[PDB]
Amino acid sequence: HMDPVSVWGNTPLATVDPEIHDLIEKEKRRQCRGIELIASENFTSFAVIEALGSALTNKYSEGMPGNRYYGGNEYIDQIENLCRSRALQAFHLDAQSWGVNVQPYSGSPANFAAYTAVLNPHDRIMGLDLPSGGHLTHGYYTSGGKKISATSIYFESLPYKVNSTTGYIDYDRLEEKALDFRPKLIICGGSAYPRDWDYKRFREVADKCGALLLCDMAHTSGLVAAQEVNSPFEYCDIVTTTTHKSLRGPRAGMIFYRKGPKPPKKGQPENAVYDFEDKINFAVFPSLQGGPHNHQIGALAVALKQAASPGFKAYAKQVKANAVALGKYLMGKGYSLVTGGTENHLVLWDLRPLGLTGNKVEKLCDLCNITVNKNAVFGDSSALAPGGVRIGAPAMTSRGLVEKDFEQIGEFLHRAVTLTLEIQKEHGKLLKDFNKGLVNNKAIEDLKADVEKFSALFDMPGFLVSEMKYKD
């Protein structure tokens, strides 16, 4: 016999799947009881989460609002239309000059669709090299010639790099490379670059070589919405983004593109108009994706409303201030930060002067409930044991931490790195030897206890701590 609808279909998770329920409750506790510093993470709102976990998941809605491949989309269409209009509003865009596709499943799908829209297979792209701070999907292949991202397989990549001494983008080498390589598309924006971008110069280079210019603002999108960093929309043809990083929304992607009359250009006819909209929509669907994830789109619409608020503007300001305060504390202890500071939400910490690799710092921190990620820095070839760790402010800022709290985070990090060195000095640099120091280390247990005491006190968005299964 079939189970009654109520039994399988309405019973709460806690009863249907106690194993998964318990693991989610353990993860909720973990998010509360640690210092969460992954620069691409955030804590999104309960309101976003209620839309994300909703009956919107049940609907097939391929196509565009008002031109679907399925019936039943009267309300899904209104949700998607509201999501798109709120996206334009959040970034201060005129709807006659910009459009947006909100269907990409995540950031990497958004980028691959934007590229597919404007490029044929094997067309040439240039993005920021991964060890210089660019993303996998900006054309990443290794210095050993190994193609990693599919954006280096289906397209031809030549990454541009930062200056090897200052850590800032080398705009002169960018121009020289672009004039030699003749890319169809230049990508700006990054995953681990701690400075703002001269989009005007990128536009000058793109015009000189006849390339399209795309900005991937995934990491700093929340700061862009708050008008706290340079706006890529002033100079770029296409702007892609994720929505779950500094924008504090669900996991999703968006592709913004110019519409309407083109600016004057010698060699271009008069009354010319942009022609990105149809190509970008087609690339997302039917070229690459299938059904939109409407629960993500609904959740994203919520997040875009929240991003347009004065409270969100203050949040973005505080993110930047917290990142600067943390960077200043770390440099005050003698640590090496790439570019010697930050203009955004992250710092990239070069551990090579200490004789450490980022995997060791990440692992020790993780045992202490300090959540970071090892990260490539300039010149790295090892993804297993890169030379850096990357620290971001969005998630802890969302819990209400201010500059003095981020100075405490700096001291926790300083204690963690000091302990990592002590373990390496005692047990060795080989990872199998280093790991011996991670067992029954009283200093690790004591640092973990201190971190938990610090972390547990702060508020947590997304659920009620008073209702959670694990309060200790």
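Just count from 1 along the sequence shown to find any residue number.
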property	result
88 to 96 set against 333 to 341, stretch whose average Cα temperature factor tops the other in the entry	333 to 341
Mean C-alpha B-factor comparison - 286 to 294 and 222 to 230, higher one	222 to 230
Top residue by Cα temperature factor, when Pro263, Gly107, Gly139, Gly71 are compared in the entry	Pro263
Candidate set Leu23, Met460, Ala14, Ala449 [ranked by C-alpha B-factor, highest]	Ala449
CA B-factor placement of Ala416, once the chain's modelled residues are sorted into thirds	highest
Assigned third (lowest, middle, highest) for the C-alpha B factor of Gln31	middle
Lowest, middle or highest third - CA B-factor, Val372	middle
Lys363 CA temperature factor, ranked by third within the chain	highest
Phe378 - Cα temperature factor, lowest/middle/highest third of chain	highest
